Amino acid sequence: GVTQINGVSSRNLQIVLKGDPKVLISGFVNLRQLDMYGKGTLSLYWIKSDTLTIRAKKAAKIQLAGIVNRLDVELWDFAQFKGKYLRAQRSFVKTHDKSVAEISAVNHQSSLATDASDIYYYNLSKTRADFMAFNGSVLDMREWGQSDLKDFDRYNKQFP
Amino acid sequence: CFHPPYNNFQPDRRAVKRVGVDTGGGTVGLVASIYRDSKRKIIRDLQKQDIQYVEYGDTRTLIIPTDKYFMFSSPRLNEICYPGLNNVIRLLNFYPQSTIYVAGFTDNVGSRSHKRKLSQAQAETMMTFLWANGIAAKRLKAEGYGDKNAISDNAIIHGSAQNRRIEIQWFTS
Amino acid sequence: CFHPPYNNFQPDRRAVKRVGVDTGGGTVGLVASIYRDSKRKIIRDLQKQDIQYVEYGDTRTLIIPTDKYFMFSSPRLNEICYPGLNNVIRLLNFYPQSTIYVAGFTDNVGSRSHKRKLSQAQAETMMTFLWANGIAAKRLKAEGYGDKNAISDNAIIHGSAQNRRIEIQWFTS
Amino acid sequence: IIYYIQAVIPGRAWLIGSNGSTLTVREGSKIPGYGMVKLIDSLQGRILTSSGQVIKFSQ
Amino acid sequence: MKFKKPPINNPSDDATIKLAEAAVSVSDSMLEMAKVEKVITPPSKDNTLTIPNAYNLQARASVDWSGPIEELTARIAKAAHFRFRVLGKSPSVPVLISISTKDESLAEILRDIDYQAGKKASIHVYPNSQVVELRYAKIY
Amino acid sequence: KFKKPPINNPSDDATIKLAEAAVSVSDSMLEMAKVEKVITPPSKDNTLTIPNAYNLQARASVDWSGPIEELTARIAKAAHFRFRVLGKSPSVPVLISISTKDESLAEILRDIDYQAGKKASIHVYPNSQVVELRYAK
Amino acid sequence: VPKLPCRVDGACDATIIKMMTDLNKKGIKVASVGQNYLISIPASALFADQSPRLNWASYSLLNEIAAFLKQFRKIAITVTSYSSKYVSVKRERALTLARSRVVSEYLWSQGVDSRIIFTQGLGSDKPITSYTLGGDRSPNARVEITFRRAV
C-alpha cells in the first residue's frame, strides 16, 4: 500500500515495516530507529534528529535528507541507502554483499565494505577512514567540474 | 590459511593448524593450542613486539608507539606491523562488556592546532580499526590531546621519542 | 628462379626450390618450407635486417629507417635493400582486409616547407611501392609529418639519427 | 544579518540565519536581506539571489 | 618478567642530534614571527580568483623540483593539455623555486608556485581558452 | 609476499624530530607567502584582451628590441589595418623587446601593451579596421 | 679516473636485458620505440574485481618493476589507468584515478629517482581492442607507465 502523508511535526517517531509498502512522509521528524526487511520504499523530506540506527535486510529503498548528529548504517544484501542530502557529523557505515550506500559526512567518516558492495561519499569530511575486505569498494564520485572544489590536506589523505 | 592484510576481518581458525601438524599427536596439539591461546603468552607476545601493557586495579592500559605503527606524519596505518594489531584484537576479545577509551598524544614541535588535529586523526583511525573488527559503536570513544599531559621530558631526544603515543584504557564494569 | 629487382612484381615460387633441392626427401622439404613461410621466421628476418615490428592490441606497426632504405635526401628507393622490401610484402600478405596508413618523419635540420615536402614525397614513394604489389587503392593512405611528434631527442647525434623514419600502421577490422 | 543553508533538495531549500531562525524557500519566493531567488542547484550547494550574490554552505 | 619501554629505534648520530636541536629553535622562532605578521596585516584576497579549476586540472602529481620557474610551469601545462604563454622579460637574476610535495592536484601545484613566486612573477589560468600564463614583474 | 619499507624513512628518533621541524618551517613559509602576496581581481585587470578579429589570427615570427611605434606600425600594416598615434613622444623613447618564433599578432599586441606599462596603451577597433597607440599625459 | 665515477651507479646493461626478458615472459608488456619506454600491466595481476585494493602477492611484481625503473635516469613518469565499462562513466573514472594514485604512491615510496610523477585515470574511454567480453579479465583494462630516458 502506497502512502502519501504531507505534514508531520513530531518530537519522536519509530517506524518498522514488514511487507511491501510505498510510503512517503513530509514534515519535521526526530526519528530514532529504523529496521527494514521487505521490498519497502520510504522517503522523508526534513529530519532534524540526533542518533540514527538503520538495519536493512532484503531489498529496501530509503531516501532521507536533513541534519543528523550521529549515524549508524547496516546493509545486508541487495539494499540501497540513498543518504545523499543527509548531512551527518559522525558516520559509521558497514556494508555486506551487493549493497549500495550514499554518504554525506561532514566531520568524521568511518566505513567498511566487505565483498562486492559499494560505498559512495559525496562530501570531503575532515577525517576519513575506510576499509575494504574482499571485493567491496568506496569511491569518490564527485563532480570534478565545480569552480570551488577543495583538495585533500595532510589530515584527510588516505589511500584506498 | 591466513590472509596477511587483516584476514578479510574474519576470525582466523588458528587452532586447527596446530592440531593438523601434530596429528599429521592429538594431546600434544591440544596442549600447544591451550598454551598459546592463553592470556599470558599473548601478553608476552605484545611484550615481544613494542607494545606495553599495564594492569592496576580493574583498569587496564595499552601503550602503542606511533613510530612503528603509523607511517610518518600521516593518519595512515602501517601495514607491515599487522601481527601486533592482530594480537591486540585477540587480547581485547577477552573483555566483551567493558567500554573503551582511546587517546592520542604527540610531542611539542609544531603549532597547537596542527598537534591537536593530528592527534584527533590518529585516534579516530585506531578507533575505526577497533570498530571494524566487531566491537559495537556504543562501547567506544576517541579523544586527541596535544602535548597536554606528557610522561617524559620534551627537551631530550629519547624522552621526546617516548612521548608520542596512543593510550587505550578500559574498565571491567 | 628469382629476378633481383622485385621479380617483375610477380609472386616468386619459393617453396618449389626447397622441395627440389630436397627431392634432388619430400617430408624434409615440406618441414623446411612450412618453417620458413611461417610468421615468426619472417618477423625474425625483419629483425635480422634493420626493421622494427611492434604489436600491441589489434594495431600493428612497422618502423623503417630511411638511412638504409632510401638514397640520401631524395625520394628514390635504394635498390640494394630489396630483401627487406620483399619480406615486407610477404608479411603484409597475411592481412587482406585491413586498411593501411603510412607516415613519414624527418629530423629538425632545415626549413619547415622543405621538411614537409620531403616527408610527403617519401611517404608517397613507399605507398606507391605497396600499391604496385597488388594492394587495392581503397586500402591505402599516406601522410607526411615534419618534425611534428618526435620519438627521440634532436639535440644529440644518435637520437637524431633515430628520429628519421617511416611508420606503417594497420588495424585488423 | 547574514544567512546560511542547512540542507538542499531539488525544488526547495532549508536555511538558517544568524539569529537562529529557520526558513523554507521555494524556487521563487522572497527572503529579507537578499531579495528574489531564481536558481536552486542540487549538485552544487549554491543559490543565486536577485542582488547578484550567492548563498552557500557553512565552513 | 623482563621490563621494556616501547620506542626502541635505530641508533642515533650526535651530528643529527645537534641539527635537530638547532632546527627546533628555528621552527618556533619562525612560528612567532608568522603569528605577529598575520596579526598586524590581515590578508583579504585569495588567488582562487586568478587560478580557478577546471576539468583535467584534476589529474594529480608528486614533484621534487629545485630550479627556475619556466620549465616546471611548462611541464605542468603540457601535462594538463593547455597552451603555455609568457609575458614580460625574464630577469637576469633567475627566479628560483623549490617544491617538495606528494599527491596533490595541479591547481594546487600552480597555486603553490604562485605563492612562492612572490613579488617577481604571477600565474593566471584561462579555462575557456585553455591557457596557462606566466607574467613577470616590471622591476629592474 | 613482501612489503618493503620506504627506503629513506625516518627510522631514528633524531631524524624524526629533524623531519618534523622541516615540515613546520615550510608550513610557516606558505603562511607568510599567503599574507604577503597582493593580487588583483580578474574583473578590473588592466590588460588588453584578445580582440578576436579574423585578420589578427595569422602566425608571425619577430625579433625586435627598440622603440614601440615602429614595431606596432609594422604589426598594423601586416594585419591590413590602419594605425594612428594620439599623444606626444617623450624625450627618452619607450623601449620594448619581443623575441618569438611562431605566435599570433593579437597576442603580440597584448605583450606590447603589457611591456609598455603605464606610459602607453594600445586600442583595437575591429569595425573601422584600426589600431591606436595612446600616450600617457 | 680512479676517483671519477666510471658509470651511472647501480646500473648494468646485462641486468637491463635480463629483467626486460623476464618481464616479457611473465606477461607484462615492455616496449621501446626510440627512447620512449612503455610498461603495460593487466589489471587482473594487480587488483581485486574493480576495487582499488591490491592483493598481497602483487607487491612482489611492483617491487620488480621498481627495480627496473631504478636502472635509468629520467625527469617525468606518467601513470595512467584504464578499465572496462560497468555502471556509469563516473564510477570507473573514480576507480581508475584511485588505482593510479595507489600505484604511483608505492612507486614513489620505493626509490625511483624521478622529478615528477603524473597520475591520471581515463576510465573506459580509450580501448585497444574491440573484443569487450571479459570483465576485469579483459585485455583492455590495464595500467600503463610511460617515460622518456633523459640523455
# chains A, B, ... in the order shown; residues from 1 in each chain; ligands from 1
$ residues_around --residues "range 122-124 of chain E" --least-positions-apart "5" --cutoff "6 Å" --atoms "only C-alpha atoms" --output "list in words"
residues 50, 51, 114, 133, 134 and 135 of chain E
$ closest_atom_pairs --of "chain E" --to "chain A" --cutoff "7 Å" --atoms "only C-alpha atoms" --output "tab-separated table"
residue	atom	partner	partner_atom	distance
E:52	CA	A:147	CA	6.2
E:53	CA	A:147	CA	5.7
E:54	CA	A:145	CA	5.6
E:55	CA	A:145	CA	5.3
E:58	CA	A:144	CA	6.8
$ write_last_selection --atoms "N, CA, C and O atoms" --output "PDB file, in the first residue's frame"
ATOM      1  N   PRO E  52      41.247  29.613 -11.092  1.00  0.00           N
ATOM      2  CA  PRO E  52      40.152  28.687 -10.817  1.00  0.00           C
ATOM      3  C   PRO E  52      40.523  27.316 -11.349  1.00  0.00           C
ATOM      4  O   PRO E  52      41.494  27.153 -12.082  1.00  0.00           O
ATOM      5  N   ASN E  53      39.737  26.321 -10.978  1.00  0.00           N
ATOM      6  CA  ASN E  53      39.992  24.992 -11.500  1.00  0.00           C
ATOM      7  C   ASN E  53      39.105  24.682 -12.699  1.00  0.00           C
ATOM      8  O   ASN E  53      38.233  25.459 -13.083  1.00  0.00           O
ATOM      9  N   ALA E  54      39.338  23.509 -13.267  1.00  0.00           N
ATOM     10  CA  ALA E  54      38.585  23.026 -14.410  1.00  0.00           C
ATOM     11  C   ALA E  54      38.693  21.513 -14.423  1.00  0.00           C
ATOM     12  O   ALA E  54      39.444  20.917 -13.648  1.00  0.00           O
ATOM     13  N   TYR E  55      37.938  20.896 -15.320  1.00  0.00           N
ATOM     14  CA  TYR E  55      38.196  19.515 -15.680  1.00  0.00           C
ATOM     15  C   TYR E  55      39.570  19.412 -16.322  1.00  0.00           C
ATOM     16  O   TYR E  55      40.072  20.375 -16.900  1.00  0.00           O
ATOM     17  N   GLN E  58      42.340  18.247 -12.649  1.00  0.00           N
ATOM     18  CA  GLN E  58      42.221  17.346 -11.519  1.00  0.00           C
ATOM     19  C   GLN E  58      43.011  16.070 -11.699  1.00  0.00           C
ATOM     20  O   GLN E  58      42.805  15.118 -10.945  1.00  0.00           O
TER      21      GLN E  58
END
$ interface_residues --of "chain B" --to "chain E" --cutoff "8 Å" --atoms "only C-alpha atoms" --output "ChimeraX atom specification"
/B:47,50-52,63-65,67,109-111,157,161-162
$ write_last_selection --atoms "N, CA, C and O atoms" --output "short mmCIF file (atom, residue, chain, number, x, y, z; two decimals), in the first residue's frame"
data_model
loop_
_atom_site.label_atom_id
_atom_site.label_comp_id
_atom_site.auth_asym_id
_atom_site.auth_seq_id
_atom_site.Cartn_x
_atom_site.Cartn_y
_atom_site.Cartn_z
N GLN B 47 54.69 -8.00 24.54
CA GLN B 47 55.97 -7.64 25.12
C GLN B 47 57.10 -7.87 24.11
O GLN B 47 58.01 -7.04 24.01
N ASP B 50 56.71 -4.12 20.22
CA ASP B 50 56.97 -2.93 21.01
C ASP B 50 55.72 -2.32 21.61
O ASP B 50 55.51 -1.12 21.51
N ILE B 51 54.89 -3.10 22.30
CA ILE B 51 53.64 -2.61 22.88
C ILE B 51 53.64 -2.89 24.38
O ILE B 51 53.92 -4.02 24.80
N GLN B 52 53.32 -1.88 25.19
CA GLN B 52 53.38 -2.05 26.64
C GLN B 52 52.00 -2.22 27.27
O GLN B 52 51.04 -1.56 26.87
N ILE B 63 49.82 0.81 25.73
CA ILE B 63 50.63 1.91 25.23
C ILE B 63 51.25 1.49 23.91
O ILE B 63 51.93 0.45 23.84
N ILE B 64 51.02 2.28 22.86
CA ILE B 64 51.40 1.94 21.50
C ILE B 64 52.23 3.07 20.90
O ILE B 64 51.81 4.23 20.93
N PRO B 65 53.41 2.78 20.35
CA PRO B 65 54.27 3.82 19.77
C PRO B 65 53.84 4.09 18.33
O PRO B 65 53.73 3.17 17.53
N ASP B 67 55.59 5.54 16.17
CA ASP B 67 56.82 5.37 15.40
C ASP B 67 56.89 4.07 14.64
O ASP B 67 57.53 4.00 13.59
N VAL B 109 56.73 19.77 19.16
CA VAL B 109 57.18 20.51 17.98
C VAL B 109 56.01 20.82 17.05
O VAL B 109 55.17 19.95 16.76
N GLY B 110 55.86 22.09 16.69
CA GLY B 110 54.86 22.49 15.72
C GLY B 110 53.88 23.48 16.32
O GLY B 110 54.06 24.00 17.42
N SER B 111 52.81 23.73 15.57
CA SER B 111 51.78 24.60 16.10
C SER B 111 50.70 23.81 16.82
O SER B 111 50.54 22.59 16.64
N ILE B 157 66.09 13.89 23.63
CA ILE B 157 65.73 13.21 22.40
C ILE B 157 64.96 11.92 22.66
O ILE B 157 63.88 11.71 22.09
N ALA B 161 61.03 11.02 22.11
CA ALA B 161 60.53 9.91 21.32
C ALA B 161 59.51 9.11 22.11
O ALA B 161 58.55 8.59 21.53
N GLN B 162 59.70 9.00 23.42
CA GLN B 162 58.77 8.26 24.25
C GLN B 162 57.47 8.99 24.48
O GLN B 162 56.54 8.40 25.04
#
$ closest_atom_pairs --of "chain G" --to "chain C" --cutoff "7 Å" --atoms "only C-alpha atoms" --output "Markdown table"
| residue | atom | partner | partner_atom | distance |
| --- | --- | --- | --- | --- |
| G:33 | CA | C:151 | CA | 7.0 |
| G:34 | CA | C:151 | CA | 5.3 |
| G:35 | CA | C:152 | CA | 5.4 |
| G:36 | CA | C:151 | CA | 6.5 |
| G:128 | CA | C:57 | CA | 5.4 |
| G:129 | CA | C:57 | CA | 5.6 |
$ residues_around --residues "range 29-35 of chain C" --least-positions-apart "3" --cutoff "10 Å" --atoms "only C-alpha atoms" --output "CSV table (one decimal) with N, CA, C and O atoms, in the first residue's frame"
chain,number,residue,atom,x,y,z
C,14,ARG,N,58.8,-19.9,-54.4
C,14,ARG,CA,59.8,-20.1,-53.4
C,14,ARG,C,59.9,-21.5,-52.9
C,14,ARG,O,61.0,-22.0,-52.6
C,15,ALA,N,58.7,-22.1,-52.7
C,15,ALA,CA,58.7,-23.4,-52.0
C,15,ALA,C,59.2,-24.5,-52.8
C,15,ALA,O,59.8,-25.5,-52.3
C,16,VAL,N,59.0,-24.4,-54.2
C,16,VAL,CA,59.4,-25.5,-55.1
C,16,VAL,C,60.9,-25.6,-55.1
C,16,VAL,O,61.4,-26.7,-55.4
C,17,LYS,N,61.6,-24.5,-54.9
C,17,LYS,CA,63.1,-24.6,-54.9
C,17,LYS,C,63.6,-25.4,-53.7
C,17,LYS,O,64.5,-26.3,-53.9
C,18,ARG,N,63.0,-25.3,-52.6
C,18,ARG,CA,63.4,-26.1,-51.4
C,18,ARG,C,63.0,-27.5,-51.6
C,18,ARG,O,63.8,-28.4,-51.3
C,19,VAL,N,61.8,-27.8,-52.1
C,19,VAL,CA,61.4,-29.2,-52.3
C,19,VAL,C,62.1,-29.8,-53.5
C,19,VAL,O,62.2,-31.0,-53.6
C,20,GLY,N,62.8,-29.0,-54.3
C,20,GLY,CA,63.5,-29.6,-55.4
C,20,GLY,C,65.0,-29.9,-55.0
C,20,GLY,O,65.5,-30.9,-55.5
C,21,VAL,N,65.5,-29.1,-54.1
C,21,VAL,CA,66.8,-29.5,-53.6
C,21,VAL,C,66.7,-30.6,-52.5
C,21,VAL,O,67.7,-31.2,-52.3
C,22,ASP,N,65.6,-30.8,-52.0
C,22,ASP,CA,65.4,-31.9,-51.0
C,22,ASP,C,64.9,-33.1,-51.7
C,22,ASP,O,65.2,-34.2,-51.2
C,23,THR,N,64.2,-33.0,-52.8
C,23,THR,CA,63.9,-34.3,-53.5
C,23,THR,C,65.0,-34.6,-54.5
C,23,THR,O,65.1,-35.7,-55.0
C,25,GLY,N,64.7,-35.4,-49.3
C,25,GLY,CA,63.4,-36.0,-49.0
C,25,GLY,C,62.2,-35.0,-49.1
C,25,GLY,O,62.3,-33.8,-48.9
C,26,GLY,N,61.1,-35.6,-49.5
C,26,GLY,CA,59.9,-34.8,-49.7
C,26,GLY,C,59.4,-34.3,-48.3
C,26,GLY,O,59.0,-33.1,-48.2
C,38,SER,N,56.4,-19.4,-42.2
C,38,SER,CA,55.6,-19.1,-41.0
C,38,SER,C,55.8,-17.6,-40.7
C,38,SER,O,56.7,-16.9,-41.2
C,39,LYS,N,55.0,-17.1,-39.8
C,39,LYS,CA,55.1,-15.7,-39.5
C,39,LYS,C,56.3,-15.3,-38.6
C,39,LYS,O,56.9,-14.3,-38.8
C,40,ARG,N,56.6,-16.2,-37.6
C,40,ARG,CA,57.7,-15.9,-36.7
C,40,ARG,C,59.1,-15.8,-37.4
C,40,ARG,O,59.9,-15.0,-37.0
C,41,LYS,N,59.3,-16.7,-38.4
C,41,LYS,CA,60.6,-16.5,-39.1
C,41,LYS,C,60.7,-15.3,-39.9
C,41,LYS,O,61.8,-14.7,-40.0
C,42,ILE,N,59.6,-14.9,-40.5
C,42,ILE,CA,59.6,-13.6,-41.3
C,42,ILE,C,59.8,-12.5,-40.3
C,42,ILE,O,60.6,-11.6,-40.6
$ atom_distance --atom1 "CA of residue 99 in chain E" --atom2 "CA of residue 140 in chain A"
27.3 Å
$ interface_residues --of "chain F" --to "chain E" --cutoff "9 Å" --atoms "only C-alpha atoms" --output "PyMOL selection string"
chain F and resi 11-22+24-25+28-42+97-98+110-111+114-115+117
$ select_by_dssp --residues "range 4-62 of chain G" --states "strand (DSSP E)" --output "list in words"
residues 29, 30, 31, 32, 33, 36, 37, 38, 39, 40, 41, 42, 47, 48, 51, 52, 53 and 54 of chain G
$ residues_around --residues "residue 148 in chain G" --least-positions-apart "2" --cutoff "8 Å" --atoms "only C-alpha atoms" --output "PDB file with C-alpha atoms, in the first residue's frame"
ATOM      1  CA  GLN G  35      63.926   6.482 -26.394  1.00  0.00           C
ATOM      2  CA  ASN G  36      60.357   6.306 -25.094  1.00  0.00           C
ATOM      3  CA  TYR G  37      59.507   3.344 -22.902  1.00  0.00           C
ATOM      4  CA  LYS G  74      64.649  10.397 -16.111  1.00  0.00           C
ATOM      5  CA  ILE G  75      62.677  13.557 -15.393  1.00  0.00           C
ATOM      6  CA  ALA G  76      58.993  12.666 -15.523  1.00  0.00           C
ATOM      7  CA  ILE G  77      56.935   9.494 -15.380  1.00  0.00           C
ATOM      8  CA  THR G 146      55.401   5.651 -19.759  1.00  0.00           C
ATOM      9  CA  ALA G 150      66.934  11.505 -20.431  1.00  0.00           C
TER      10      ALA G 150
END
$ residues_around --residues "residue 126 in chain C" --least-positions-apart "6" --cutoff "12 Å" --atoms "only C-alpha atoms" --output "list in words"
residues 64, 66, 69, 70, 75, 76, 77, 78, 85, 88, 89, 100, 101, 102, 103, 104, 119, 120, 132, 133, 140, 141, 142, 143, 144, 165, 166, 167 and 168 of chain C
$ closest_atom_pairs --of "chain G" --to "chain F" --cutoff "10 Å" --atoms "only C-alpha atoms" --output "Markdown table"
| residue | atom | partner | partner_atom | distance |
| --- | --- | --- | --- | --- |
| G:55 | CA | F:1 | CA | 9.5 |
| G:56 | CA | F:1 | CA | 6.1 |
| G:57 | CA | F:1 | CA | 4.8 |
| G:58 | CA | F:1 | CA | 7.7 |
| G:59 | CA | F:2 | CA | 6.3 |
| G:60 | CA | F:2 | CA | 6.0 |
| G:61 | CA | F:2 | CA | 9.7 |
| G:62 | CA | F:3 | CA | 9.7 |
| G:63 | CA | F:4 | CA | 8.3 |
| G:106 | CA | F:6 | CA | 8.7 |
| G:107 | CA | F:6 | CA | 9.8 |
| G:108 | CA | F:6 | CA | 8.8 |
| G:109 | CA | F:6 | CA | 5.2 |
| G:110 | CA | F:6 | CA | 5.7 |
| G:111 | CA | F:7 | CA | 6.3 |
$ residues_around --residues "residue 62 in chain A" --least-positions-apart "3" --cutoff "6 Å" --atoms "only C-alpha atoms" --output "ChimeraX atom specification"
/A:41-43,81-82
$ atom_distance --atom1 "CA of residue 74 in chain A" --atom2 "CA of residue 121 in chain A"
15.6 Å
$ interface_residues --of "chain A" --to "chain G" --cutoff "10 Å" --atoms "only C-alpha atoms" --output "list in words"
residues 115, 116, 117, 118, 120, 131, 132, 133, 134, 135, 136, 137, 138, 139, 140, 141, 142, 143, 144, 158, 159 and 160 of chain A
$ write_last_selection --atoms "N, CA and C atoms" --output "short mmCIF file (atom, residue, chain, number, x, y, z; two decimals), in the first residue's frame"
data_model
loop_
_atom_site.label_atom_id
_atom_site.label_comp_id
_atom_site.auth_asym_id
_atom_site.auth_seq_id
_atom_site.Cartn_x
_atom_site.Cartn_y
_atom_site.Cartn_z
N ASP A 115 32.32 -7.38 0.68
CA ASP A 115 32.52 -8.23 -0.50
C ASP A 115 31.50 -7.87 -1.58
N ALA A 116 32.00 -7.26 -2.65
CA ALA A 116 31.21 -6.79 -3.79
C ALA A 116 30.10 -5.82 -3.40
N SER A 117 30.36 -4.97 -2.42
CA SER A 117 29.43 -3.93 -2.02
C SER A 117 30.08 -2.58 -2.25
N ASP A 118 29.27 -1.53 -2.32
CA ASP A 118 29.75 -0.22 -2.73
C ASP A 118 29.33 0.85 -1.74
N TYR A 120 29.61 5.08 -1.70
CA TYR A 120 29.99 6.29 -2.40
C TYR A 120 29.75 7.45 -1.45
N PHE A 131 37.84 0.97 5.00
CA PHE A 131 38.46 -0.34 4.91
C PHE A 131 37.74 -1.20 3.89
N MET A 132 38.51 -2.09 3.26
CA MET A 132 38.00 -2.93 2.21
C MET A 132 38.31 -4.38 2.53
N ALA A 133 37.40 -5.32 2.25
CA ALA A 133 37.69 -6.67 2.71
C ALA A 133 37.92 -7.66 1.58
N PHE A 134 36.94 -7.90 0.70
CA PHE A 134 37.12 -8.89 -0.35
C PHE A 134 37.07 -8.29 -1.75
N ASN A 135 35.94 -7.71 -2.12
CA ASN A 135 35.75 -7.06 -3.40
C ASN A 135 34.95 -5.78 -3.28
N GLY A 136 34.74 -5.29 -2.07
CA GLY A 136 34.00 -4.07 -1.89
C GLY A 136 34.81 -2.85 -2.25
N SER A 137 34.12 -1.73 -2.38
CA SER A 137 34.80 -0.55 -2.88
C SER A 137 34.12 0.72 -2.39
N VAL A 138 34.94 1.71 -2.06
CA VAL A 138 34.50 3.05 -1.69
C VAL A 138 35.07 4.02 -2.71
N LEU A 139 34.21 4.77 -3.37
CA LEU A 139 34.68 5.64 -4.44
C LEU A 139 34.28 7.08 -4.19
N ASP A 140 35.02 7.99 -4.84
CA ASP A 140 34.82 9.41 -4.57
C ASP A 140 33.52 9.90 -5.18
N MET A 141 33.39 9.78 -6.51
CA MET A 141 32.14 10.04 -7.24
C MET A 141 31.63 11.46 -7.06
N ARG A 142 32.53 12.41 -6.98
CA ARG A 142 32.17 13.81 -7.01
C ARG A 142 32.26 14.33 -8.44
N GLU A 143 32.20 15.64 -8.56
CA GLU A 143 31.87 16.31 -9.81
C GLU A 143 33.06 16.45 -10.76
N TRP A 144 34.21 16.94 -10.27
CA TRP A 144 35.42 17.36 -11.00
C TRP A 144 35.26 18.68 -11.75
N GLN A 158 43.96 9.57 2.76
CA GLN A 158 44.03 8.12 2.91
C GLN A 158 44.01 7.45 1.55
N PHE A 159 44.76 6.36 1.41
CA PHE A 159 44.83 5.74 0.11
C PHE A 159 44.15 4.39 0.00
N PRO A 160 42.98 4.33 -0.66
CA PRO A 160 42.15 3.14 -0.81
C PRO A 160 42.88 2.02 -1.55
#
$ residues_around --residues "residue 39 in chain G" --least-positions-apart "5" --cutoff "9 Å" --atoms "only C-alpha atoms" --output "ChimeraX atom specification"
/G:28-31,65,143-146
$ closest_residue --among "A:47, A:36, A:93, A:100" --to "chain D" --atoms "only C-alpha atoms"
A:47
$ interface_residues --of "chain G" --to "chain E" --cutoff "6 Å" --atoms "only C-alpha atoms" --output "list in words"
residues 115, 116, 117, 118, 119 and 120 of chain G
